[PDB]
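Next up: a single chain in structure tokens, the form deposited in one PDB entry.
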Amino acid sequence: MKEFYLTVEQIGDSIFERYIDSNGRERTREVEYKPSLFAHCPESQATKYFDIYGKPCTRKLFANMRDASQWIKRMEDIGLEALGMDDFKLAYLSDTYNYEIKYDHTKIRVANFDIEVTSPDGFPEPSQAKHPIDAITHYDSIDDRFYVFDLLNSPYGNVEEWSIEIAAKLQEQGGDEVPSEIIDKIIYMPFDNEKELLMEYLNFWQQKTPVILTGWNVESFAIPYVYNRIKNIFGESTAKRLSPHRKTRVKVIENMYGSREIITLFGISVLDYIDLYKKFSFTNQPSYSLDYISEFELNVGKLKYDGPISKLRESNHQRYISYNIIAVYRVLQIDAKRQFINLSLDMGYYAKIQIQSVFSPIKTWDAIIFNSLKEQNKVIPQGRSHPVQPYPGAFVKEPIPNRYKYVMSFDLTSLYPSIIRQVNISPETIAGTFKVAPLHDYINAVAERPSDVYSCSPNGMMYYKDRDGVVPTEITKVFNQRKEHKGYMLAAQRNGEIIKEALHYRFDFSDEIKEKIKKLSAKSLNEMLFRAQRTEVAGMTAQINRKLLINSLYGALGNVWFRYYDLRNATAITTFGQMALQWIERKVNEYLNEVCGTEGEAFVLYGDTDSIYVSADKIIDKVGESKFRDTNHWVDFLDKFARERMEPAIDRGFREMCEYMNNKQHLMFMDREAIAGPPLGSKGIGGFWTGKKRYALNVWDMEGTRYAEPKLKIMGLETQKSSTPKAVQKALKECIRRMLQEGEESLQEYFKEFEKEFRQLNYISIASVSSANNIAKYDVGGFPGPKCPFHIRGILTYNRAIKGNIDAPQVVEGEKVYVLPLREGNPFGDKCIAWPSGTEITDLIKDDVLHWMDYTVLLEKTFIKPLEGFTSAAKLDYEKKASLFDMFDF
């Protein structure tokens, strides 16, 4: 097999790399790497090395890496560019691995672990590690085994051993329902004391040292906890054994109010799963805990247990340990679904970076561009320092707040990356400046053509048109690779099924390879379909990773810490987008006025960053609503009209803009997204806007896919807000469903009924939610001080009423919290109360809270008020005989 790296670290003047050798064995090596860096030289001197500006550069080889750094500082002090890859780990990887890295995941130790720490006095802080580690479940991907470490004796109890037998049994049998898939894979180790467990774990760690170390919240908790626990007990020198190179950096990151401890374990790649999810699932989840995410992804979640976690070990050690086994397994299941680790390995090996740098677009892009330019003997720029200077961003239109009966939306694809390639934006491609007219002038073609020589963005910038820019080239390359790998994708995935359906690879091979294959087999047709499906697996991941690069380019480009950052270019990109969405609002409005025989009608009712929303009202009126045999008939009509009449007019429009800005190539393409409207022959309103980023739509067709039942596309509204009570999210969604599909009378009936039935709803279902941030800041001795927000006052009411019970769950800084208003004259002595979320409120006050809460204020605050928002905008009433003069701001 072809050699590939596992981890890389620079320590002093050495690279410490762990890598898989040519056979497949994991080994480690220490190289005294000699980096090269580059300086500008006379045109007299001949090299093969040029900077991206075409200026010639001397390659300077250094005896070691400390000579290189000291040269850079010394070159900085003189005032001359010191160019080339300043991060030597990367430059090393580029040197040692000058080929397309093929990697065998089978030879990469991916560790999955979670610990348990019984704490009777609140959250066990990792940087303290006050309390003993009583359970460690560590999953190893090579042995494919769950190594379970069980503390039998601790200050908090002596417990029996965990039973594998009981664990397997059903819930109703007294069992833990530990999945049969893992029962023969658990390896169990009880211990008599914490010292033995920890040292056996550490000795386990040296034998089976992780390459990729993952698991839920491991980077914020499990890892610092273990390190500090071992540090504090055995000495720092023992805790450092947790690194295959015995070097650890202790880092304290700062927040929006506080800080956090992270431990860098040199020679290991920490890919916390809570980060691998946030990064590459793309789903704005309301809670990022493992219970939720696991329920979401697997509909199974974490193991249930009676009582507080802090009393679990003594009351039910059996549940406790299995709880810890399932936790790890849950994580492994999610990854069996999403493949986020393999995604990371693929990206990390593609860009040739440390795998943990996948969370950095800057690092990933820098390397991709570095390797690319190195291959053509080019030299990258020195990272220049830059003042963080806000520039203009995405355009969003003010919508006139209204009901909107028929809407079609359109989206420019990859707007920003597309703009880069279209205008040819790149540091070295900057041609010059032109006088800037107001943006609206360029938007209306009224302005003077900026240049007939150079490619242009309406921010005043001019770019070389002939040249191939670094940035535009490197992104085009990724676009191409995307198409390519989606090519093998839609081949092994598409042509593959021909082999599968017959039983009853990158390109669909000639009808001689497909011909000589027709003999029904158990060794062939059904075991060679395993190949075609495993091939498309590779297609997906390669394509997802290209998509991820494409979208995370502007972010890197807009970051002052990026080698290729340039404020005028960032501003060029976004300003160009700003004109492009609005130029096409003009072009669509003009086309639709011509076609409809109207003049000066606002068809585009909303536009946001890369997409427009278009009223289809008059287009329907042209046919007249009455010629459609059903809903699906007009959805057909509008779809055809879009693809046939509207999109060529859109393309004609953008082609005109391209000639106007004099761009290198025309890459402004709009797909048609949603088609929305009411069900035929109904009183529904279809859709409505209340303002920027707030709207609901009744959608029948999202780009191609024609839905069975209609589905609500709701954006920004209270339904989409975790702060909204469970019951109330539900009702407002219904309120909206009823508004759009059924009409005003439906809504009024629903409103009346819910209002009538409010007090019979669960108190948890009707309590609002919010995060507890800056709890101290407004805590004036347990009472609310100046400027104190409503929910924190709510907490400081719970506290005073609760200061004295240890059984009572304390409210912690950071924690999400149920809030409830309280009726005047309440014992609790305040306008509201708040308690920890996802929990029933303690019996000590519960029955008295349920008595004092203000239903009127609650319903008004969380339901009626935001409803009034929707109905006001949609020109509807949620109850009869509402005087129409309310509409006016007298």
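The term rigid core refers to the most C-alpha atoms you can superpose between the two forms while keeping them within 1.5 Å. All residue numbers are counted from 1 along the displayed sequence.
Compared against other deposited entries of this protein, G496 counts as often unmodelled, lacking coordinates in at least a third of those that resolve the residues around it. Notably, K514 is an intermittent gap: at least a third of the other compared entries of this protein, restricted to those modelling both its neighbours, have no coordinates for it. Counting the unmodelled positions of the deposited sequence between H504 and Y505 gives a long gap of 10 or more residues.
As the entry records it, the average C-alpha temperature factor is higher for 786 to 794, out of 104 to 112 and 786 to 794.
According to the PDB record, 877 to 885 carries the higher mean C-alpha B-factor of the two stretches 877 to 885 and 863 to 871. Note on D143, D134, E428, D630: the highest value goes to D630, judged by CA B factor as recorded. Looking at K477, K278, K352, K231, the one whose CA carries the top B-factor in the deposited record is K278. In the PDB entry, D86 places in the middle third of its chain by CA B-factor. In the deposited entry, the Cα temperature factor of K711 sits in the middle third of values across the chain's modelled residues.
Compared with the other modelled residues of the chain, the Cα B-factor recorded for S289 ranks in the highest third. In this PDB entry, the Cα temperature factor of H386 sits in the middle third of its chain's modelled residues.
In this PDB entry, the Cα temperature factor of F296 sits in the top third of its chain's modelled residues, the highest group.
What comes next is about the form deposited with a small molecule bound, which does not appear here.
In the deposited bound form, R823 stays away from the small molecule, with no heavy atom inside 4.5 Å. Taking the partner from the other structure, the small molecule in the deposited bound form has a heavy atom within 4.5 Å of a heavy atom of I380. In the deposited bound form, at least one heavy atom of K48 sits within 4.5 Å of a heavy atom of the small molecule.
Proximity of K374 to the small molecule in the deposited bound form: non-hydrogen atoms within 4.5 Å are present. Only one segment in the set 745 to 753, 356 to 364, 91 to 99, 71 to 79 has any non-hydrogen atom within 4.5 angstroms of the small molecule in the deposited bound form, and it is 91 to 99. For the candidate set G215, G267, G84, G469, a heavy atom within 4.5 Å of the small molecule in the deposited bound form is found for exactly one residue, namely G84. Think of it this way: in the deposited bound form, the small molecule has a heavy atom of just one of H40, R29, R59, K861 within 4.5 Å, and the residue is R59.
Aligning the rigid core between this form and the one not shown and inspecting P401, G175, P392, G487, the C-alpha positions shift by 2 Å or more at one residue, which is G487.
Positional change of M702 between this form and the one not shown stays under 2 Å at the C-alpha, relative to the superposed core.
Relative to the superposed core, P836 undergoes a Cα shift of 2 Å or more between this form and the one not shown. With the core superposed, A570 shows a C-alpha displacement below 2 Å between this form and the one not shown. Between the C-alpha atoms of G301 and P210, a gap widened by no less than 3 Å is obtained in the deposited bound form, as opposed to the form on display.
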